[PDB]
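In what follows, a structure is listed as structure tokens, so that the remarks can point back to it.
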Amino acid sequence: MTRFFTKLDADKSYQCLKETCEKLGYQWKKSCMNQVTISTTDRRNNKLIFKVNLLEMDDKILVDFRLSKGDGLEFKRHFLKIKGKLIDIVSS
């Protein structure tokens, strides 16, 4: 449940997501133009690392979040915090 479609194209979805995570204080590292590793330190000082993939799916951009390291529910909560911060680009 950590994925959603956007109302934007690949590079505007990549851009809106990047600043949202950078404003939230998450580290933003790129992989292959639509693959990004996001890192932060969650409540109680544990490292939280998850990856994002922006893929085109039927004339829409799907932003998928995959937990890489850290607590699962803190991942689910950090995803919901990101989704809320850019809820205006989230497609129905």
In degrees, nearest 10, the alpha-carbon axis of helix 72-85 is tilted away from the dominant principal axis of the alpha carbons of the chain by 50 degrees
Any residue on another chain or 5+ positions along whose placed amide H is under 5 Å from the amide H of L55 is listed here as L62, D64
One finds, for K69 and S91 with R0 = 35 angstrom and r their Cβ-Cβ distance, a FRET efficiency to the nearest 0.05 of 0.75
In segment 4-48, the trypsin sites (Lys or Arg not before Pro) that sit in a DSSP loop and have at most 12 other Cβ atoms within 10 Å of their own Cβ are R43, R44
Each label sits 7 Å from Cα toward the beta-carbon; between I49 and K81 the label points are separated, in nm, by 1.9 nm
Relative to the chain, whose Cα atoms define the longest principal axis, helix 10-23 and its Cα axis are tilted in degrees, nearest 10, by 30 degrees
Per the Kirkwood formula over distinct C-alpha pairs, the hydrodynamic radius of the chain in angstrom is 13.1 Å
As straight-line cross-link partners of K29, the qualifying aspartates and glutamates (C-alpha separation under 14 Å, not fewer than 8 residues apart within one chain) are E19
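Read-outs: derived from the displayed coordinates by stated rules, not from any lab. FYI the Cβ positions are ideal-geometry reconstructions off the backbone, even for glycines, and counts take in every protein chain you see.
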